[PDB]
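Visitor: Structure file target.csv (CSV, C-alpha atoms and all ligand atoms) is given on the next line.
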chain,number,residue,atom,x,y,z
A,1,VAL,CA,-19.8,4.0,9.1
A,2,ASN,CA,-16.2,2.9,8.9
A,3,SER,CA,-16.2,1.8,12.5
A,4,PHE,CA,-13.2,-0.4,12.4
A,5,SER,CA,-12.0,-2.0,15.7
A,6,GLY,CA,-9.6,-4.6,16.9
A,7,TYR,CA,-7.0,-4.1,14.2
A,8,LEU,CA,-3.2,-4.2,14.6
A,9,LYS,CA,-1.6,-1.1,13.2
A,10,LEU,CA,1.3,-2.1,10.9
A,11,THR,CA,2.2,1.3,9.4
A,12,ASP,CA,0.7,4.8,9.5
A,13,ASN,CA,-2.0,3.7,7.1
A,14,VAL,CA,-2.1,-0.1,7.0
A,15,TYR,CA,-4.0,-2.1,9.6
A,16,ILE,CA,-4.6,-5.9,9.9
A,17,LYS,CA,-7.1,-8.1,11.6
A,18,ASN,CA,-7.8,-11.9,11.8
A,19,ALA,CA,-11.3,-11.7,10.5
A,20,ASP,CA,-13.6,-12.8,7.7
A,21,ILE,CA,-14.1,-9.9,5.3
A,22,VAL,CA,-17.9,-10.5,5.1
A,23,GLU,CA,-18.3,-10.4,8.9
A,24,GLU,CA,-16.1,-7.3,9.1
A,25,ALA,CA,-18.2,-5.5,6.4
A,26,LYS,CA,-21.4,-6.3,8.3
A,27,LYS,CA,-19.8,-5.0,11.5
A,28,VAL,CA,-18.0,-1.9,10.1
A,29,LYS,CA,-20.4,-0.6,7.4
A,30,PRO,CA,-17.4,0.6,5.3
A,31,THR,CA,-17.7,3.1,2.5
A,32,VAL,CA,-15.6,0.8,0.3
A,33,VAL,CA,-15.1,-3.0,0.5
A,34,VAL,CA,-12.5,-4.5,-1.9
A,35,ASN,CA,-13.2,-7.6,-3.9
A,36,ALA,CA,-10.3,-9.8,-5.2
A,37,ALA,CA,-11.8,-10.0,-8.7
A,38,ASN,CA,-11.0,-11.6,-12.0
A,39,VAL,CA,-11.4,-9.7,-15.3
A,40,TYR,CA,-14.8,-11.1,-16.1
A,41,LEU,CA,-16.2,-10.5,-12.5
A,42,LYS,CA,-17.1,-14.2,-12.2
A,43,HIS,CA,-17.4,-14.3,-8.4
A,44,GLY,CA,-16.7,-18.0,-7.6
A,45,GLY,CA,-14.5,-18.7,-4.6
A,46,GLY,CA,-12.4,-16.9,-2.0
A,47,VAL,CA,-13.4,-13.3,-1.2
A,48,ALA,CA,-15.4,-12.9,-4.4
A,49,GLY,CA,-17.6,-15.9,-3.7
A,50,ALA,CA,-18.0,-14.9,0.0
A,51,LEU,CA,-18.9,-11.4,-0.9
A,52,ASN,CA,-21.3,-12.5,-3.6
A,53,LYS,CA,-23.0,-15.1,-1.4
A,54,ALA,CA,-23.6,-12.5,1.3
A,55,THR,CA,-25.4,-10.3,-1.3
A,56,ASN,CA,-27.7,-13.2,-2.2
A,57,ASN,CA,-26.1,-13.2,-5.7
A,58,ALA,CA,-26.9,-9.5,-6.3
A,59,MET,CA,-23.3,-8.7,-6.8
A,60,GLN,CA,-23.0,-11.4,-9.6
A,61,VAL,CA,-26.1,-10.0,-11.4
A,62,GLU,CA,-24.8,-6.5,-11.1
A,63,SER,CA,-21.4,-7.6,-12.4
A,64,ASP,CA,-23.0,-9.4,-15.3
A,65,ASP,CA,-24.7,-6.2,-16.3
A,66,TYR,CA,-21.4,-4.3,-15.9
A,67,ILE,CA,-19.6,-6.7,-18.2
A,68,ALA,CA,-22.3,-6.7,-20.8
A,69,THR,CA,-22.0,-2.9,-21.0
A,70,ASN,CA,-18.3,-2.4,-20.5
A,71,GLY,CA,-16.5,-5.6,-21.3
A,72,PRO,CA,-13.8,-7.3,-19.1
A,73,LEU,CA,-11.5,-5.4,-16.8
A,74,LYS,CA,-7.7,-5.4,-17.4
A,75,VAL,CA,-5.4,-7.1,-15.0
A,76,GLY,CA,-4.3,-4.6,-12.5
A,77,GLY,CA,-7.5,-2.6,-13.1
A,78,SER,CA,-10.6,-2.0,-11.1
A,79,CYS,CA,-14.2,-0.8,-11.2
A,80,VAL,CA,-16.5,0.7,-8.6
A,81,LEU,CA,-19.9,-1.0,-8.2
A,82,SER,CA,-22.5,-1.2,-5.5
A,83,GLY,CA,-21.6,-2.5,-2.1
A,84,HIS,CA,-25.1,-3.9,-1.7
A,85,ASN,CA,-25.8,-4.8,1.9
A,86,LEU,CA,-22.1,-4.9,2.8
A,87,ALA,CA,-20.8,-1.5,2.1
A,88,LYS,CA,-21.6,1.7,0.2
A,89,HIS,CA,-19.4,0.6,-2.7
A,90,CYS,CA,-17.4,-2.4,-3.8
A,91,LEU,CA,-14.1,-1.8,-5.4
A,92,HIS,CA,-13.5,-4.8,-7.7
A,93,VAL,CA,-9.7,-5.1,-8.2
A,94,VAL,CA,-8.0,-7.6,-10.4
A,95,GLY,CA,-4.6,-8.8,-9.2
A,96,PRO,CA,-2.4,-10.9,-11.5
A,97,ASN,CA,-3.0,-14.6,-11.7
A,98,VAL,CA,0.5,-15.8,-11.0
A,99,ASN,CA,-0.5,-19.4,-11.7
A,100,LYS,CA,-1.2,-18.4,-15.3
A,101,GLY,CA,2.0,-16.5,-15.7
A,102,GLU,CA,0.5,-13.0,-15.4
A,103,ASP,CA,3.0,-10.3,-14.5
A,104,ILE,CA,3.5,-10.2,-10.8
A,105,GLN,CA,4.4,-6.6,-11.1
A,106,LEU,CA,0.7,-5.9,-11.9
A,107,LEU,CA,0.1,-6.5,-8.2
A,108,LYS,CA,1.5,-3.0,-7.7
A,109,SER,CA,-1.0,-1.6,-10.3
A,110,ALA,CA,-3.8,-3.5,-8.6
A,111,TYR,CA,-3.1,-1.9,-5.2
A,112,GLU,CA,-2.6,1.5,-6.7
A,113,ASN,CA,-6.4,1.5,-7.2
A,114,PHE,CA,-6.7,1.7,-3.4
A,115,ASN,CA,-5.2,5.2,-3.5
A,116,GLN,CA,-8.4,6.6,-5.1
A,117,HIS,CA,-10.3,5.8,-1.8
A,118,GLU,CA,-9.8,7.5,1.6
A,119,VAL,CA,-10.5,4.3,3.6
A,120,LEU,CA,-11.0,0.7,2.5
A,121,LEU,CA,-11.7,-2.8,3.9
A,122,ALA,CA,-9.7,-5.2,1.8
A,123,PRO,CA,-8.3,-8.7,1.4
A,124,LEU,CA,-4.7,-9.6,0.3
A,125,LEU,CA,-4.9,-9.5,-3.5
A,126,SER,CA,-3.7,-12.4,-5.6
A,127,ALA,CA,-2.8,-14.4,-2.4
A,128,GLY,CA,-5.3,-17.2,-2.8
A,129,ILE,CA,-6.6,-18.6,-6.1
A,130,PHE,CA,-4.1,-16.4,-8.0
A,131,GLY,CA,-1.1,-17.9,-6.2
A,132,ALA,CA,1.0,-14.9,-5.1
A,133,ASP,CA,2.9,-15.4,-1.8
A,134,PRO,CA,0.7,-13.7,0.8
A,135,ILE,CA,3.7,-12.1,2.4
A,136,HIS,CA,4.5,-10.5,-1.0
A,137,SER,CA,1.0,-9.3,-1.4
A,138,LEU,CA,1.2,-7.6,2.1
A,139,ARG,CA,4.5,-6.0,1.3
A,140,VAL,CA,3.2,-4.6,-2.0
A,141,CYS,CA,0.2,-3.2,-0.2
A,142,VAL,CA,2.3,-1.5,2.5
A,143,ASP,CA,4.7,-0.1,-0.1
A,144,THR,CA,2.0,1.0,-2.6
A,145,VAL,CA,-1.0,2.2,-0.7
A,146,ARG,CA,-1.0,5.6,1.0
A,147,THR,CA,-4.7,5.7,2.0
A,148,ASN,CA,-6.2,3.9,5.0
A,149,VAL,CA,-6.4,0.2,4.4
A,150,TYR,CA,-8.0,-2.3,6.9
A,151,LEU,CA,-6.9,-5.8,5.9
A,152,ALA,CA,-9.1,-8.8,6.8
A,153,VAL,CA,-7.2,-12.2,6.9
A,154,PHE,CA,-9.6,-14.9,7.9
A,155,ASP,CA,-7.1,-17.7,8.6
A,156,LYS,CA,-5.5,-17.4,12.0
A,157,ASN,CA,-2.3,-19.4,11.0
A,158,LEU,CA,-1.8,-17.2,8.0
A,159,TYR,CA,-2.5,-14.1,10.1
A,160,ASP,CA,0.2,-15.1,12.6
A,161,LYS,CA,2.7,-15.9,9.8
A,162,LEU,CA,2.0,-12.6,8.1
A,163,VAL,CA,2.5,-10.5,11.2
A,164,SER,CA,5.7,-12.2,12.3
A,165,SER,CA,7.1,-12.1,8.7
A,166,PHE,CA,6.1,-8.4,8.4
A,167,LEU,CA,8.0,-7.5,11.7
A,168,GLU,CA,11.1,-9.3,10.6
A,169,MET,CA,11.2,-7.6,7.2
A,170,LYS,CA,10.3,-4.2,8.7
A,171,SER,CA,13.3,-4.2,11.0
A,172,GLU,CA,15.9,-5.5,8.5
B,1,LIG,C1,-9.0,-14.1,-7.3
B,1,LIG,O1,-7.9,-14.7,-6.7
B,1,LIG,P1,-7.1,-13.9,-5.5
B,1,LIG,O2,-5.9,-14.8,-5.0
B,1,LIG,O3,-6.8,-12.5,-5.9
B,1,LIG,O4,-8.2,-13.8,-4.3
B,1,LIG,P2,-8.7,-14.9,-3.2
B,1,LIG,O5,-8.7,-16.3,-3.8
B,1,LIG,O6,-10.1,-14.5,-2.8
B,1,LIG,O7,-7.7,-14.9,-2.0
B,1,LIG,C2,-7.1,-13.6,-1.5
B,1,LIG,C3,-6.7,-13.9,-0.1
B,1,LIG,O8,-8.1,-13.7,0.9
B,1,LIG,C4,-8.2,-14.7,1.6
B,1,LIG,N1,-9.6,-15.0,1.8
B,1,LIG,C5,-10.4,-15.8,1.2
B,1,LIG,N2,-11.6,-15.7,1.7
B,1,LIG,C6,-11.6,-14.7,2.6
B,1,LIG,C7,-12.6,-14.1,3.5
B,1,LIG,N3,-13.9,-14.5,3.5
B,1,LIG,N4,-12.2,-13.1,4.3
B,1,LIG,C8,-10.9,-12.7,4.4
B,1,LIG,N5,-10.0,-13.3,3.6
B,1,LIG,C9,-10.3,-14.3,2.7
B,1,LIG,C10,-7.5,-15.9,0.8
B,1,LIG,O9,-7.2,-17.0,1.6
B,1,LIG,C11,-6.2,-15.1,0.2
B,1,LIG,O10,-5.2,-15.0,1.2
Spit out the file's structure as C-alpha cells when you get a sec.
Guide:
Amino acid sequence: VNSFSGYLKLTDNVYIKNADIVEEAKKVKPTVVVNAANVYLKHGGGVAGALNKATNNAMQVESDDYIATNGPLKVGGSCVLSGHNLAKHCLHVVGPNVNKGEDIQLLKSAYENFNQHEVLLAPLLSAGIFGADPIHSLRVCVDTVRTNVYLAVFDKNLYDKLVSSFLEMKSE
C-alpha cells in the first residue's frame, strides 16, 4: 500500500504529480484518498464525481447514509468514510466555495484535516468548482499540512503553471 511513484518533491512533506486522482488511487492503493467534497456529500463533478463513478456509485450511497444519520458537514470540516475499491478510507473534506462568498480562510481549516492522517493522496481543494486560485490552494496546503501529502493534478497545463509558480514564490 501507499506505493507512490513519479512525484516531484516540493517540500519535506508535499509531493505533486500530473495524474488523475482515480488512476493514482488504483495504482497506489493509498490508506487515505481525499475527496474535494461539499457539505451534503453530493458527488457530482470534478474529483467527487470521478471518485464516485469509479466506485460504481457506492460512495454516493454510503454518503447518503452518512448524511441521513449525521446531517451535513461544516465548511472546512471533514468525515472519514470507506475508500471502497480505491483506498482504505476516503477523507471527505469541504473547502470553501469562493464563488458563493464563503470565507477563503476556511481553506486553511479544510487542509488542517489532513494533519490527522500520516499519508494522503489528495487533490487541490476549492480549486475547481469552488473557484479558489489553484496557486493559492497549493500554498495553503504547503503552509498548513505537516503530514505526507501526494497531490494529483490531472491537467498538464495547470501542473506546469503550479510548479513554476511554486518555485518563484518559494525563492522570493
Ligand atoms: C468541490 O469543488 P472543489 O473546487 O473543491 O473541487 P473540484 O471541482 O473537484 O476541483 C479541485 C481541483 O482538482 C482538479 N481535478 C478535477 N478532477 C480531477 C481528477 N480526476 N484528478 C485530479 N484532479 C482533478 C480540478 O481541476 C481542481 O483543480
Visitor: Where does chain A meet ligand LIG 1 (chain B) within 10 Å, residue by residue, with the nearest atom pair and distance in Å to one decimal for each, counting only C-alpha atoms and all ligand atoms, listed by chain and rising number, as a tab-separated table?
Guide:
residue	atom	partner	partner_atom	distance
A:17	CA	B:LIG1	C8	9.4
A:18	CA	B:LIG1	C8	8.1
A:19	CA	B:LIG1	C8	6.2
A:20	CA	B:LIG1	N4	3.7
A:21	CA	B:LIG1	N4	3.9
A:22	CA	B:LIG1	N3	5.9
A:23	CA	B:LIG1	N3	8.1
A:24	CA	B:LIG1	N4	8.5
A:25	CA	B:LIG1	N4	9.9
A:35	CA	B:LIG1	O6	7.6
A:36	CA	B:LIG1	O3	4.5
A:37	CA	B:LIG1	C1	5.2
A:38	CA	B:LIG1	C1	5.7
A:39	CA	B:LIG1	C1	9.4
A:41	CA	B:LIG1	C1	9.6
A:42	CA	B:LIG1	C1	9.5
A:43	CA	B:LIG1	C1	8.5
A:44	CA	B:LIG1	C1	8.6
A:45	CA	B:LIG1	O5	6.3
A:46	CA	B:LIG1	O6	3.4
A:47	CA	B:LIG1	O6	3.9
A:48	CA	B:LIG1	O6	5.8
A:49	CA	B:LIG1	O6	7.7
A:50	CA	B:LIG1	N3	5.4
A:51	CA	B:LIG1	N3	7.3
A:93	CA	B:LIG1	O3	8.3
A:94	CA	B:LIG1	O3	6.8
A:95	CA	B:LIG1	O3	5.4
A:96	CA	B:LIG1	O3	7.3
A:97	CA	B:LIG1	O1	7.0
A:98	CA	B:LIG1	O2	8.8
A:99	CA	B:LIG1	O2	9.8
A:107	CA	B:LIG1	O3	9.4
A:110	CA	B:LIG1	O3	9.9
A:121	CA	B:LIG1	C8	9.9
A:122	CA	B:LIG1	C8	8.0
A:123	CA	B:LIG1	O8	5.0
A:124	CA	B:LIG1	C3	4.8
A:125	CA	B:LIG1	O3	4.3
A:126	CA	B:LIG1	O3	3.1
A:127	CA	B:LIG1	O2	4.1
A:128	CA	B:LIG1	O2	3.3
A:129	CA	B:LIG1	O5	3.9
A:130	CA	B:LIG1	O2	3.8
A:131	CA	B:LIG1	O2	5.8
A:132	CA	B:LIG1	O2	6.9
A:133	CA	B:LIG1	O10	8.6
A:134	CA	B:LIG1	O10	6.1
A:135	CA	B:LIG1	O10	9.4
A:137	CA	B:LIG1	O10	8.8
A:138	CA	B:LIG1	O10	9.8
A:151	CA	B:LIG1	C8	8.1
A:152	CA	B:LIG1	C8	4.9
A:153	CA	B:LIG1	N5	4.5
A:154	CA	B:LIG1	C8	4.3
A:155	CA	B:LIG1	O9	7.0
A:158	CA	B:LIG1	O10	7.9
A:159	CA	B:LIG1	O10	9.3
Visitor: Please, what distance in Å, to one decimal, runs between CA of residue 167 (chain A) and CA of residue 106 (chain A)?
Guide: 24.8 Å
Visitor: What separation in Å, quoted to one decimal, exists between CA of residue 83 (chain A) and CA of residue 11 (chain A)?
Guide: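 Calculated distance between CA of residue 83 (chain A) and CA of residue 11 (chain A) is 26.7 Å.
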Visitor: I'd like the interatomic distance between CA of residue 4 (chain A) and CA of residue 29 (chain A), to a tenth of an Å.
Guide: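 That distance, rounded to one decimal, is 8.8 Å.
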Visitor: Which residues come within 6 Å of residue 120 (chain A), counting only C-alpha atoms, excluding same-chain residues fewer than 3 positions away, as a PyMOL selection string?
Guide: chain A and resi 32-33+149
Visitor: How about saving the chosen residues, C-alpha atoms kept, as a PDB file, in the frame of the given file?
Guide:
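Listed below is the output, selection11.pdb:
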ATOM      1  CA  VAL A  32     -15.600   0.800   0.300  1.00  0.00           C
ATOM      2  CA  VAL A  33     -15.100  -3.000   0.500  1.00  0.00           C
ATOM      3  CA  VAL A 149      -6.400   0.200   4.400  1.00  0.00           C
TER       4      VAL A 149
END
Visitor: Measuring atom to atom with only C-alpha atoms, identify which of A:16, A:91, A:56, A:76 is nearest to residue 117 (chain A).
Guide: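 Between A:16, A:91, A:56, A:76, the residue approaching residue 117 (chain A) most closely is A:91.
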Visitor: Can you work out which one of A:61, A:163, A:119, A:67 has the shortest atom-to-atom distance to residue 9 (chain A), counting only C-alpha atoms?
Guide: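 Of the candidates, the smallest distance to residue 9 (chain A) is held by A:163.
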Visitor: Nearest to residue 105 (chain A): which of A:5, A:57, A:171, A:144 is it, counting only C-alpha atoms?
Guide: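 Nearest to residue 105 (chain A): A:144.
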Visitor: Counting only C-alpha atoms, figure out which residue out of A:13, A:2, A:60, A:85 gets nearest to residue 148 (chain A).
Guide: A:13
Visitor: May I have the residues within 7 Å of residue 73 (chain A) as a PyMOL selection string, using all atoms listed in the file and disregarding those fewer than 3 positions away in the same chain?
Guide: chain A and resi 39-40+77-78
Visitor: Selected residues, C-alpha atoms, written as a short mmCIF file (atom, residue, chain, number, x, y, z; two decimals), in the frame of the given file, please.
Guide:
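Result file is again-v9.cif:
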data_model
loop_
_atom_site.label_atom_id
_atom_site.label_comp_id
_atom_site.auth_asym_id
_atom_site.auth_seq_id
_atom_site.Cartn_x
_atom_site.Cartn_y
_atom_site.Cartn_z
CA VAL A 39 -11.40 -9.70 -15.30
CA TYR A 40 -14.80 -11.10 -16.10
CA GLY A 77 -7.50 -2.60 -13.10
CA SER A 78 -10.60 -2.00 -11.10
#
Visitor: Which is closest to residue 146 (chain A) among A:80, A:64, A:34, A:116, if we use only C-alpha atoms?
Guide: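 Among the listed residues, the smallest separation from residue 146 (chain A) belongs to A:116.
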Visitor: Got a sec to write region 75-87 of chain A of the block to a file, N, CA, C and O atoms, as a PDB file, in the first residue's frame?
Guide:
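Saved as selection37.pdb:
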ATOM      1  N   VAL A  75     -18.435  23.765   6.453  1.00  0.00           N
ATOM      2  CA  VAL A  75     -17.366  24.199   5.559  1.00  0.00           C
ATOM      3  C   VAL A  75     -16.052  24.239   6.329  1.00  0.00           C
ATOM      4  O   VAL A  75     -15.971  24.801   7.427  1.00  0.00           O
ATOM      5  N   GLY A  76     -15.011  23.642   5.751  1.00  0.00           N
ATOM      6  CA  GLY A  76     -13.766  23.434   6.454  1.00  0.00           C
ATOM      7  C   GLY A  76     -13.689  22.131   7.210  1.00  0.00           C
ATOM      8  O   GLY A  76     -12.610  21.786   7.721  1.00  0.00           O
ATOM      9  N   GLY A  77     -14.797  21.390   7.295  1.00  0.00           N
ATOM     10  CA  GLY A  77     -14.830  20.154   8.043  1.00  0.00           C
ATOM     11  C   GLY A  77     -14.580  18.941   7.170  1.00  0.00           C
ATOM     12  O   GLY A  77     -14.297  19.033   5.973  1.00  0.00           O
ATOM     13  N   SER A  78     -14.695  17.771   7.797  1.00  0.00           N
ATOM     14  CA  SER A  78     -14.398  16.528   7.102  1.00  0.00           C
ATOM     15  C   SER A  78     -15.090  15.366   7.788  1.00  0.00           C
ATOM     16  O   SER A  78     -15.546  15.470   8.930  1.00  0.00           O
ATOM     17  N   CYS A  79     -15.155  14.248   7.066  1.00  0.00           N
ATOM     18  CA  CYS A  79     -15.525  12.971   7.651  1.00  0.00           C
ATOM     19  C   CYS A  79     -14.739  11.874   6.953  1.00  0.00           C
ATOM     20  O   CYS A  79     -14.338  12.013   5.787  1.00  0.00           O
ATOM     21  N   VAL A  80     -14.487  10.799   7.690  1.00  0.00           N
ATOM     22  CA  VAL A  80     -13.809   9.620   7.171  1.00  0.00           C
ATOM     23  C   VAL A  80     -14.865   8.570   6.843  1.00  0.00           C
ATOM     24  O   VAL A  80     -15.621   8.124   7.725  1.00  0.00           O
ATOM     25  N   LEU A  81     -14.920   8.172   5.578  1.00  0.00           N
ATOM     26  CA  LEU A  81     -15.812   7.112   5.134  1.00  0.00           C
ATOM     27  C   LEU A  81     -14.974   6.067   4.412  1.00  0.00           C
ATOM     28  O   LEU A  81     -13.741   6.152   4.375  1.00  0.00           O
ATOM     29  N   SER A  82     -15.638   5.054   3.863  1.00  0.00           N
ATOM     30  CA  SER A  82     -14.907   3.996   3.185  1.00  0.00           C
ATOM     31  C   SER A  82     -14.201   4.537   1.943  1.00  0.00           C
ATOM     32  O   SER A  82     -14.674   5.462   1.276  1.00  0.00           O
ATOM     33  N   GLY A  83     -13.058   3.943   1.635  1.00  0.00           N
ATOM     34  CA  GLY A  83     -12.399   4.189   0.375  1.00  0.00           C
ATOM     35  C   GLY A  83     -12.825   3.248  -0.726  1.00  0.00           C
ATOM     36  O   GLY A  83     -12.336   3.361  -1.849  1.00  0.00           O
ATOM     37  N   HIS A  84     -13.709   2.301  -0.423  1.00  0.00           N
ATOM     38  CA  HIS A  84     -14.307   1.403  -1.420  1.00  0.00           C
ATOM     39  C   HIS A  84     -13.190   0.658  -2.149  1.00  0.00           C
ATOM     40  O   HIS A  84     -12.294   0.111  -1.487  1.00  0.00           O
ATOM     41  N   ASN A  85     -13.201   0.604  -3.480  1.00  0.00           N
ATOM     42  CA  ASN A  85     -12.168  -0.069  -4.255  1.00  0.00           C
ATOM     43  C   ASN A  85     -10.946   0.801  -4.521  1.00  0.00           C
ATOM     44  O   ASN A  85     -10.021   0.346  -5.206  1.00  0.00           O
ATOM     45  N   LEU A  86     -10.925   2.042  -4.030  1.00  0.00           N
ATOM     46  CA  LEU A  86      -9.865   2.988  -4.376  1.00  0.00           C
ATOM     47  C   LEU A  86      -8.823   3.166  -3.285  1.00  0.00           C
ATOM     48  O   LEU A  86      -7.662   3.473  -3.587  1.00  0.00           O
ATOM     49  N   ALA A  87      -9.210   2.977  -2.031  1.00  0.00           N
ATOM     50  CA  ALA A  87      -8.339   3.268  -0.901  1.00  0.00           C
ATOM     51  C   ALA A  87      -8.920   2.563   0.312  1.00  0.00           C
ATOM     52  O   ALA A  87     -10.052   2.093   0.281  1.00  0.00           O
TER      53      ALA A  87
END
